[PDB]
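A.B. asks: So the mapping is simple: this note's numbering equals the position in the sequence shown, first residue as 1, plus 28. The following block contains the structure, expressed as structure tokens.
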Amino acid sequence: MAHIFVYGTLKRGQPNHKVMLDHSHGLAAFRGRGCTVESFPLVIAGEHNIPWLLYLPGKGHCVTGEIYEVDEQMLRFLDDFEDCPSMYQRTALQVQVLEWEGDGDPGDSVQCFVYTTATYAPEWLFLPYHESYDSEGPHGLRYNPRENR
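Below, the structure is given as structure tokens:
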């Protein structure tokens with residue numbers, strides 16, 4: 029019964045999207061769309077091309093993305109798929125609403141939940157920042173979960 033913000037992994041065309049396509053892994057509904065008007069460090073790291081959102085308000089860029097309403101099971105599935113608390117931690121941040129679908133209208137920003145890290149190595153602050161995360165992009169650095177898939 030919560031509102032979250034997706035960077036990319038269940039938006040453009042990422043491997044992870046399939047999770048929210050079976051209600052038995054939890055509820056998702058397109059509850060409008062948004063960006064982090066709060067500038068964060070979206071950096072690409074790890075040998076499997078695992079970008080991270082370090083919890084640093086006002087450092088970096090505004091990640092464009094989408095706002096899903098979720099049930100407690102979707103919020104819990106991501107609480108086990110993402111290897112949190114080890115890898116990530118679930119946190120609260122500020123998200124500009126680019127569209128709001130339905131009642132319960134917070135104004136032009138909302139407080140969503142996101143997975144972040146506070147436990148990072150300093151090398152990841154020397155990394156470049158980005159405004160979305162899309163396998164389609166010309167970078168040539170895309171996620172490798174089953175590759176062959």
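Every residue gets a Cβ at the ideal spot worked out from N, C-alpha and C, and that includes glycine.
Pairing CB atoms from the region 97-106 with CB atoms from the region 50-62, are three or more of them under 8 Å?
C.D. replies: Because the criterion of three Cβ pairs below 8 Å is met, the region 97-106 and the region 50-62 touch.
A.B. asks: Does the region 151-165 come close enough to the region 29-49 that 3 or more CB-CB pairs lie under 8 Å?
C.D. replies: Touching, per the Cβ criterion.
A.B. asks: For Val65, I'd like the list of residues in its chain whose CB is within less than 7 Å of its CB, leaving aside the five on either flank, ordered along the chain.
C.D. replies: Counting only Cβ-Cβ distances below 7 Å, and skipping sequence neighbours, we find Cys90, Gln122, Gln124, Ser137.
A.B. asks: By the DSSP assignment, the alpha helix (DSSP H) with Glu100 in it spans what residues?
C.D. replies: Segment 100-109, the alpha helix (DSSP H) holding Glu100.
A.B. asks: In this structure, does DSSP put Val47 in helix, strand or coil?
C.D. replies: Helix at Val47.
A.B. asks: Using three-state DSSP, classify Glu151 as helix, strand or coil.
C.D. replies: Of the three classes helix, strand and coil, the one that applies to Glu151 here is helix, per DSSP.
A.B. asks: Have a look at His76, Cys63, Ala57, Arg177 and flag the residue whose alpha-carbon is nearest the alpha-carbon of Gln139.
C.D. replies: Nearest option by C-alpha distance: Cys63.
A.B. asks: Return the chain-ordered list of same chain residues with a C-beta closer than 7 Å to the C-beta of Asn44, the five sequence neighbours on each side being excluded.
C.D. replies: Contacts found: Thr37, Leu38.
A.B. asks: Identify whether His53 lies in helix, strand or coil by the three-state DSSP scheme.
C.D. replies: Correct three-state label for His53: helix.
A.B. asks: For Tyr83, which residues in the same chain have their Cβ closer than 6 Å to its Cβ, ignoring the five residues on either side in sequence?
C.D. replies: The residues are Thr119, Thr144, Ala146.
A.B. asks: When you compare only the Cα positions, how much space is there between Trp128 and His31?
C.D. replies: In a straight line, the C-alpha of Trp128 is about 11 Å away from that of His31.
A.B. asks: Does the Cβ of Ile78 have 16 or more other Cβ atoms within 10 Å, making it buried, or fewer, making it exposed?
C.D. replies: Looking at its Cβ environment, which holds fewer than 16 other Cβ atoms inside 10 Å, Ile78 is exposed.
A.B. asks: DSSP state of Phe141, grouped into three classes?
C.D. replies: If DSSP states are grouped into helix, strand and coil, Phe141 belongs with the strands.
A.B. asks: Are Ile95 and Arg61 close, meaning C-beta to C-beta below 8 Å?
C.D. replies: Cβ distance < 8 Å, so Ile95 and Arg61 count as in contact.
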